[PDB]
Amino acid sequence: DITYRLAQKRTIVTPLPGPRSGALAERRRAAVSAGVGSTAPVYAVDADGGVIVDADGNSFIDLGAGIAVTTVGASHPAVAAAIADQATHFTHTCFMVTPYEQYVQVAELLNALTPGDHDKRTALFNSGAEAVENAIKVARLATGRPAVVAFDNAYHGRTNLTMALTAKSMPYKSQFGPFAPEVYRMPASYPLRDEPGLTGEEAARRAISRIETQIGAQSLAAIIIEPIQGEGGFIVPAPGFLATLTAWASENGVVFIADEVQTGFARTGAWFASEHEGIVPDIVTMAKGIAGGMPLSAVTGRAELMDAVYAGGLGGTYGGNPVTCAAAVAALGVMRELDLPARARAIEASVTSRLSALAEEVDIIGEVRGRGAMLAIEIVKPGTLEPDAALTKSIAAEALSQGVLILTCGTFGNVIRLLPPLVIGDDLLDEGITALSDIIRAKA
């Protein structure tokens, strides 16, 4: 039993964008860099439960959660109350100047929540990119080795190094280099497009062989991978792939970094997606869902790695902001109290079965995949695995016109993803999935 602040309804009753959104768009185009861009042409005034309400009073079904961020809802009252309260005491002291309990609380929670029973420590930053940057810093300093491996279909951020680590050039990297050195890309696992029948273990062995031939373990500080590749297309590795990699890394003194920026915090039907794989990452990176929408990120890793860095080596002015920490303590509480991991598993069950039935009735769905509330359909030309990015975009755009916000992704631009807030109601989620299904049938 969840109580909502806003009516959980889809309501589209003006042109899109409406008049007030249009006036805002004119101001936006006059003031904001064209390099930014936005998926939706409407401007938000409220977001609660499973809806976004725009400046003209339209109410959209939110199947994006701000790209997997507002897992607890975009204005959860406990999160809002924690934010307001902390801000009355202090917005900022800089933890590296005058520390505070809120940062310590978050570190404690994350140390306990991440995989493994071993001794761990945490450092907090603002963005997921900063978390990745700092995990790489820890691995390089602790091992004394220079190279880092990242994978095909990877996405890790928009800083120079996280661009280096990211696989796709457009729109993340193109014209923004040259890039941070000693980053090597390897093949990972992509079941749909890899050789038929390839096992996870064999996919891992092929990557290991390439690493040994082309880099050498003695020069490799770290392997970084997303347990489910997010922007690359919600790619779930073949069973056995990740465990095979982690075993090799452990044998070779290489730090294994699981990038759980998108998969972390209930999203995949577990606290962390690494749990489904049985792996215990040496370092985990986190952001998005952590703080109920506020800018917080985290690096949680084996104590001996995290404490290898000299005092002052991990830094930043804002990181572990006390208001964002208060938001995180509250958001993590909500996840526990409402058992949002269980809710994600319920969503996997109901949505995957609907999408699988839809795939049998049309010919444009190449695969239904994902876990928990991180689910996707890959869109292809009938009778092939040829990507159809144009159709993907058209489906997403038609859904928006019908009042349902659905994101896309993928190395080839042809994946419709589903990232609802986990506090969405059954009826509104069903309405959104039905609207999408009708659009897919119409296109097929």
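From 1 onward, residues are counted along the sequence shown.
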- prompt: Per the entry, where is the mean C-alpha temperature factor higher: 37-45 or 377-385?
  reply: 377-385
- prompt: Where do the C-alpha atoms have the higher mean temperature factor in this entry, in 12-20 or in 425-433?
  reply: 425-433
query: Say you rank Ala221, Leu305, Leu358, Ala298 by Cα B-factor from the PDB entry; which sits at the top?
result: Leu358
message: Checking the record values for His89, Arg145, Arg193, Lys137, which has the greatest CA B factor?
response: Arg193
task: Tell me, lowest, middle or highest third: where does the Cα B factor of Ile279 rank within its chain?
output: highest
message: Sorting by Cα B-factor within the chain, modelled residues only, which third would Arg158 end up in: lowest, middle or highest?
response: lowest
message: Split into thirds by Cα B-factor across the chain's modelled residues, where does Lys288 land: lowest, middle or highest?
response: lowest
message: For the chain shown, is the CA B-factor of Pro237 in the lowest, middle or highest third of its modelled residues?
response: middle
field: Lowest, middle or highest third - CA B-factor, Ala204
entry: highest
